[PDB]
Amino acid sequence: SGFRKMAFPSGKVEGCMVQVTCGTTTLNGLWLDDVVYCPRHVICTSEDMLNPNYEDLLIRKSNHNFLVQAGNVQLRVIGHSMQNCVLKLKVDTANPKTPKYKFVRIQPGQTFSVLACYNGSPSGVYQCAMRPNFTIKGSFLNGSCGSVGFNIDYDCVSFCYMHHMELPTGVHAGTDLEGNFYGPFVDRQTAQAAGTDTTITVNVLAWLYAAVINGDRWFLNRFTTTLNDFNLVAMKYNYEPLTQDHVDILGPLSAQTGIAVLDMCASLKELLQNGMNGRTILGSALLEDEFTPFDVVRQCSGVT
């Protein structure tokens, strides 16, 4: 038993991380088959970043302006292509460590593992969520860009995130592996509004089932509610509305514990109204929303 913020094992992704250099700019790239993927802003001089014309800037680059190091081995870049906000660098070598992989675009509320890298070297692995406003609360310093987020489905790495930017508020923004930003964000150093960040209500409920499974039950009350009563209270507290799809997703946890979703909604309504009164749930003094119902089922069934 016990419950922790758990990342997927990072090994299959470590063997894909290379260093991409263009003039001063050194950041991380993802080496799958004979293609290296990185942020297209590797081609920007800090001055460009104000208002970059990425076509005009890329046009003035040759294959040879791009330095790719895989450990100590140099990869010959034999092609440079722009797909939305990512650079695709064709290389002379297929990566022999390439795992089975897909590119996915994840939805708000979904979690992924981030392999935080600097100079194409892995430093750290942490789990986080796509926030409803399509930001992530990550840990990223200078050189971290091109760090990827991924899920693992047995043998298949599903890449969902590539890190491009921090907003002045200290939260993070990036793209799927086809170079489309999550959220209304652009790869430009100008004022960008995130949106009001709401709580992921379905995830809070899954974490409350996590809590009951680990013997933390003090917040289980007598009452019940409706999807409509609950949502009317939830919106007051900047919580995402709960839909029937959310209730059906919470089904297995409901069945395991013998607590109906709408009884757990009734308990969460209390916690929002009356507060936690200084009691912790699974060692946290606040309601946690960065665990999906799959994340909870993984870690209370032990999927490998």
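Numbers for residues come from their place in the sequence shown, where the first is 1.
The stretch with the higher mean CA B factor, choosing between 295-303 and 1-9, is 295-303.
For the segment pair 10-18 and 276-284, the entry gives 276-284 the higher mean B-factor, averaged over Cα atoms.
If you compare the C-alpha temperature factors of 58, 253, 242, 67 in the entry, 67 comes out highest. Take 105, 131, 164, 88 and read off each C-alpha B-factor from the entry; 88 has the highest. Residue 246 sits in the middle third of its chain by CA B factor, as recorded in the PDB entry. Split the chain's modelled residues into thirds by C-alpha temperature factor. Residue 155 is in the highest one. Per-chain ranking of the deposited C-alpha B factor places residue 52 in the middle third. In this PDB entry, the Cα temperature factor of residue 174 sits in the bottom third of its chain's modelled residues, the lowest group. Residue 38: CA B factor in the lowest third of modelled residues in this chain (values from the PDB entry).
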